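Asks: here is my input, please return the structure:
(chains A, B, C, D, E, F and G)
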Amino acid sequence: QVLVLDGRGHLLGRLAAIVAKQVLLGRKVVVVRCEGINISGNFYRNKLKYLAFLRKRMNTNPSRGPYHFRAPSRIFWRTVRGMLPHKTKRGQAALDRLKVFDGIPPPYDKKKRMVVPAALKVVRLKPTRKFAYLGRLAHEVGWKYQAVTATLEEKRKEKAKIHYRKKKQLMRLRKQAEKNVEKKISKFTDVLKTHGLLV
Amino acid sequence: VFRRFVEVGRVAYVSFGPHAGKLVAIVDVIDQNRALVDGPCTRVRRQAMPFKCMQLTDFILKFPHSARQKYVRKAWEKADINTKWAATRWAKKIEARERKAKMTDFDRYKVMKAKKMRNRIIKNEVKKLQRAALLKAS
Amino acid sequence: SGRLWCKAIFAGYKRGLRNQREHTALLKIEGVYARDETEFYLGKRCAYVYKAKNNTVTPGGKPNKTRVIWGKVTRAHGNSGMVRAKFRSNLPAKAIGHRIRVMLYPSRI
Amino acid sequence: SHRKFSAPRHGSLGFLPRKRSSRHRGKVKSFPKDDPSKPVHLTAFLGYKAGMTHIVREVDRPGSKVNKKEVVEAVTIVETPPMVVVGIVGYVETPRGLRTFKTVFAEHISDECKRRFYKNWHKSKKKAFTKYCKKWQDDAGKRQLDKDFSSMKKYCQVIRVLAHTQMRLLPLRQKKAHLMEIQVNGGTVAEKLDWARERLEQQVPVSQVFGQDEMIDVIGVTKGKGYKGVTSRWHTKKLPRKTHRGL
Amino acid sequence: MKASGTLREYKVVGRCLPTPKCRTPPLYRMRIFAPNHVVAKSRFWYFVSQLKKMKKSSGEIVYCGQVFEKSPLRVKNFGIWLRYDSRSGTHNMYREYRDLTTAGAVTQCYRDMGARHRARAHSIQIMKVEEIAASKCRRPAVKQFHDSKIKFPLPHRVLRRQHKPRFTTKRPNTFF
Amino acid sequence: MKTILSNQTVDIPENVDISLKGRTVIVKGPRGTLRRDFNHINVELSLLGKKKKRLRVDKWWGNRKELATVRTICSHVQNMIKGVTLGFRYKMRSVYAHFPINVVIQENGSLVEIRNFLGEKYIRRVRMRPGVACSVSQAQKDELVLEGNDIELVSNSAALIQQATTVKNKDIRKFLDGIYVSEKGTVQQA
RNA sequence: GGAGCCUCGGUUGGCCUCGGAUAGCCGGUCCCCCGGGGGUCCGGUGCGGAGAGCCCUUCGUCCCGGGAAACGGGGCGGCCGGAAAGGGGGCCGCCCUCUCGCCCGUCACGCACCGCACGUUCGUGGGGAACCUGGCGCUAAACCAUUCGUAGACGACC
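Replies: Numbers count the residues shown, from 1 in each chain, chains lettered A, B, ... in the order given. Next comes the structure:
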């Protein structure tokens, strides 16, 4: 019942709009891999667009002023916070159903990630525009853990290739098995074809 | 690189619109994003359909670029698209998507029990292939 | 020994932008995402099932702690999947985003 | 309107929340960035500010007016009795910072260090680390600590060591020692751990951590002066004599 | 004139009122392009009142009919002569298109002038729609379709139905 | 408008042996091997002809600015063919007036030392680009030849030392001192 | 590790994971080269080694037959793999256990509660009180007061 969303290749706003609706409808969502998110427009434009956000502090006391979070997960958590009525109870009750992370933590790397193609970069952009990786943008603003996550995410990659190689083999037999029991699943494969399941 | 070219006489499927699920042949290209199309032996009147609402296949049939329905029909039946089409892996998994869509509830039960026993013979067999895989490795 | 209702989330009331009419509830049923799919659900009896502290007598059973608010699907709402419902008591606002059941039994099949 | 003549602001905003420090003992904010090239060593020590005096020495900066002459420089004395390694802590590299992985201590801890784990030593029964002291006398515990060590060789990156001072050697009034994590910078993690495990329960003199004619940083707590007005904290101009409500 | 929907073409003829001074006035035929015949007969008076001294109070519509396409299944190269107004002065244009019906081309011309020059429908005066051959074409954007052996693929495909399986698992292929 | 098709073939001689994995092209021959990425240009790279004598790029439905990217591949891939069968030789002349530019190369043509530029005490130690091999030529006094394969490296490294020896806060018309690129050529003729 | 009494509630089959390209991919064969990667060839691609998907499927039983199972079904001890915010995941012996489990068929039975609602779950849920029963356990600290003066308006701090 837990939407696990992969941020690799998702546009920031188009994804945050879809996430914010589901969170408002009692759906517990986790947006994994926030550094793969990419904003439209060229990189130097987006950096300026974020540097002007760093310049808006309360003049008399910056300690109360707008908290410019630098981590990509908290940047994406910030833009979702914009699209929710976070002043009311149902808004604050919503945001607790949202949990964002950089990289893929242990409670989620062994689960299947979803993809929202209505917010996908390959879909929603003409293949001539430029886009800014949220990871690179956040690092050049103060996210001081880009190097760490780049190895922790790389670590769980090769730990997943092991599982995948042990999964193709775990089904290459299954393809080879039916070729070895063909005569005794013949009466169960024809019914699995006349009702459009194995054709 | 590209394999399917929008050119005169390529058979195409149809995604949406009132002509969905039928084949239709491209007579001539009108605009950048709209083509004149005609499936004579498919209950599709000659008309113009934009490229959004069509998925071009890998069938080609030759005829001049602005012939009338009389000549296309003789070129549709010469290459005999209909029989070849229904023998493709595309149309086979198209007529299998509708065989699951009209599945009655009792048919849904006959396919439940049929699936249950076919997931017990395959599963036990692959279990036999595992106790023999470390046997041949140890 | 199985579920006999469809899952439906109570989105909100029939509102404008600065007025909400609490005698009507917008329902989001799972799976249905177009007006042409709501034809099956028009008229179906829906139910918001909750549980409270005190005990309530139960039709055909012992006094439990669960209580319901019966309603019905009135007409299709919006252009994609949503639908209006009308309950015998205007739904409490603490049910926003919570699961309410729509049954099958007033069926037209 | 604008300010007539410019003038630089008083005080620094870098050291801004000028409050009573939340730590009596100086706390190393940052340690030197390690590299496997150098051999294993410590990076910090702990001392006590004794007093000050002069020094006469020969200046040897070619080019100065004072070159090859004698000067008198004020020098501080830092009494540094040798410190006792009593434990090692591991650290893993997280994307949320630097988390502490696993702590190991010594089989026997001096009562100086055990002073620190109590607020009232007179009333306490001095029961700290007793059952931990009985974890090195059991085959189910020696293999436990072997697990804790063999785990830090895999998952720990930064290994800091736990050392304490020797208040008995000092002339001071108090006897409660000072604990400190000291980042062991050196080779790889494994030899950083074998070296640290062997140094357990041993004294460490300053010659192991500092040489002479070297340049170091001092971390500590300012000599507290109490509640002070604006003139003492920031040194802003005293108002002219004629002011009614204070100057 | 709000260029709404697909336009149509109307042959509307009119004349002055019969008077004892002039027995029977001459007949005036036009070719109007309008959404419905009602706004066709209104747009008719707009032109005839500037090519003649006639107004609706001193004229009568004689025939308000719709003309259909002679060959709606043939692709044709249409030539349109415009009179649109910009923010500064009016201009004559000759725009070329490629469509199946003249009304299909006139509509296309109205969307294009609104798109390429931000001119609204009340500023444009279509004056001539002529069917020309492939050799008399001048605009290059239509000459490129003159090939008996035209051949071109479909490039990177903008995936539709991107909301029906809103939360997929697979990355959507764009190479068909 | 959008042009239906614009292509440009590139005939290659036999000494080269091109193979391409998708939209990146690798080129090899006598002098070494080259490899450039083009996953930013969105074209069709089709390698046609038996015994592979010509490579063609395509662009369907491209506007003006995309059609300007069709030939710049054909130019970029031709300079790979030069940098594999003939190589690149950038000649540079150190022109001075009063102070002889003492230039010495270290580590077999990978670092450039520039001393006594305009009579200064600074050494403009310039790091070359990997793949470039610099040297001073014999039978010519004030020369500096650059060799290598990739034109994007032999030229950019040249631009380093040509912009390392710049006069500041003077009249650059009077103070013509510095190193300048004098000849762009190939290592060997054919 | 046993039953009951309060209180807070929401839910009502699970999906155990390549990386990523998108003017390109995916799986096999390995005829192939260097210690896993490349190349090759054969297949698939409006993805069917498809989330438009998969898996599990629950009325309970009792005799008998057919297919499938024998390596299976269920159990007490050990062992390894696991650290970004770490499975009650898997391997071996074990006394017992069964041709029962699933699919086709028979035999008959299980309040057939007399047309009607909160039914069917996760559920030994969370929390808090009292009681059961045994075992294995465990016998501290903080604050005040006092003293200090590296501290201090009083608190605080050493």
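Asks: contact partners for the nearest residue to residue A:99 once chain neighbours are set aside?
Replies: Nearest non-adjacent residue to residue A:99, counting by Cβ to Cβ, 6 or more residues apart in numbering or on different chains: residue A:30, 4.7 Å away. (Each C-beta comes from the backbone N, C-alpha and C, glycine too.) Going by Cβ atoms under 8 Å, 6 or more residues apart in numbering or on different chains, residue A:30 touches A:2-5, A:98-101, A:108.
Asks: for ChimeraX, write the select line for the buried members of these.
Replies: Selecting only the buried members of the contacts of residue A:30 in ChimeraX, with burial defined as 16 or more other Cβ atoms under 10 Å in any protein chain shown, works like this:
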select /A:3,4,5,98,99,100,101,108
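Asks: remind me, longest helix of chain F?
Replies: If you go by DSSP state H, chain F has its longest helix at helix F:70-85.
Asks: and that one, how far out from the chain's middle?
Replies: 11 Å (Cα atoms, centre = their mean, to the nearest Å).
Asks: what do you get for stretch E:11-25?
Replies: Once both centres are worked out by Cα atoms, centre = their mean, stretch E:11-25 turns out to sit 29 Å from its chain's centre.
Asks: stretch D:177-187 now?
Replies: Put simply, stretch D:177-187 sits 8 Å off its chain's centre (Cα atoms, centre = their mean).
Asks: show me the contact partners of it.
Replies: By Cβ under 8 Å, 6+ apart, the surrounding residues in contact with stretch D:177-187 are D:25, D:28, D:31-32, D:34-36, D:38-46, D:83, D:89, D:110, D:112-113, D:115-116, D:158-167, D:192, D:195-196.
Asks: what secondary structure does the residue nearest to the spatial centre of chain E sit in?
Replies: In chain E, the centroid-proximal residue (Cα atoms, centre = their mean) is residue E:106; its distance is 1.2 Å. For residue E:106, the assignment made with DSSP: H, G, I helix; E, B strand; the rest coil gives helix.
Asks: repeat that for residue B:37.
Replies: strand.
Asks: so what's the residue minimising distance to the centre of chain C up against?
Replies: Central residue of chain C (Cα atoms, centre = their mean): residue C:46, 4.3 Å from the mean position. Contacts for residue C:46 (Cβ under 8 Å, 6+ apart) come out as C:8, C:27, C:70-73, C:85, C:87, C:100-103.
Asks: cool, and residue E:130?
Replies: E:78-79, E:81.
Asks: and the residue nearest the centre of chain F?
Replies: Chain F, centroid-nearest residue using Cα atoms, centre = their mean: residue F:151 at 1.8 Å.
Asks: which residue, neighbours along the chain excluded, lies closest to that residue?
Replies: Sequence neighbours aside, residue F:79 is the residue nearest to residue F:151 in space, at 4.6 Å (criterion: Cβ to Cβ, 6+ apart).
Asks: could I get the contacting residues of the residue nearest to the centre of chain F?
Replies: F:79, F:82-83, F:88.
Asks: what's the most distant pair in those?
Replies: F:79 and F:88 (8.3 Å; Cβ to Cβ).
Asks: and these two? which has more neighbours close in?
Replies: Neighbour totals were compared for residue F:79 and residue F:88, and residue F:88 leads with 24 against 17 (other Cβ atoms under 10 Å in any protein chain shown).
Asks: residue D:163 and residue D:204 touch, don't they?
Replies: Yes: the criterion here is Cβ atoms under 8 Å, and residue D:163 meets it with residue D:204 at 6.7 Å.
Asks: common neighbours of those two, please.
Replies: Residues touching both residue D:163 and residue D:204 by Cβ under 8 Å, 6+ apart: D:83-85.
Asks: look at the spatially closest residue to residue F:106 that is not a sequence neighbour and give its secondary structure.
Replies: The shortest distance from residue F:106 to any non-neighbouring residue, by Cβ to Cβ, 6+ apart, is to residue F:113 (6.2 Å). In three-state terms, and counting by three-state DSSP, residue F:113 is strand.
Asks: show me what residue F:113 bridges to in the sheet.
Replies: residue F:104 (DSSP bridges).
Asks: could you list every residue that touches it?
Replies: Shown in contact with residue F:113 (Cβ under 8 Å, 6+ apart): F:103-106, F:123-126.
Asks: now those: which count as buried?
Replies: F:103, F:105, F:124, F:126.
Asks: for chain B, what lies in contact range of chain F?
Replies: B:1-2, B:32 (Cβ under 8 Å from any Cβ of the partner chain).
Asks: which one of the contacts of residue E:130 is nearest to chain C?
Replies: Chain C has its nearest neighbour among those in residue E:78, at 36.6 Å by Cβ to the nearest Cβ.
Asks: distance of the closest one from chain B?
Replies: 12 Å (Cβ to the nearest Cβ, to the nearest Å).
Asks: pretty sure that residue is in a strand, no?
Replies: Yes: applying three-state DSSP, one finds residue E:78 inside a strand.
Asks: what's the closest non-adjacent residue to it?
Replies: Closest residue to residue E:78 apart from its sequence neighbours, by Cβ to Cβ, 6+ apart: residue E:105 at 4.0 Å.
Asks: ok, that neighbour - contacts?
Replies: By Cβ under 8 Å, 6+ apart, residue E:105 lies in contact with E:78, E:80, E:97-99, E:129.
Asks: identify the residues contacting the residue in chain C that chain A sits nearest to.
Replies: Chain A sits closest to residue C:97 of chain C, with a gap of 3.8 Å, by Cβ to the nearest Cβ. Under the criterion of Cβ under 8 Å, 6+ apart, the neighbours of residue C:97 are A:24-26, A:90, A:94, C:9-11.
Asks: 6 Å - rerun?
Replies: Listed by Cβ atoms under 6 Å, 6 or more residues apart in numbering or on different chains, the contact set of residue C:97 reads A:25-26.
Asks: within the helices and strands, which one has it?
Replies: For residue C:97, there is no host helix or strand (DSSP states H and E).
Asks: is residue B:59 in contact with residue B:11, as I believe?
Replies: Yes: under the criterion of Cβ atoms under 6 Å, residue B:59 makes contact with residue B:11 at 3.8 Å.
Asks: between these two, which contacts overlap?
Replies: Common neighbours of residue B:59 and residue B:11 are listed as residue B:81 (criterion: Cβ under 6 Å, 6+ apart).
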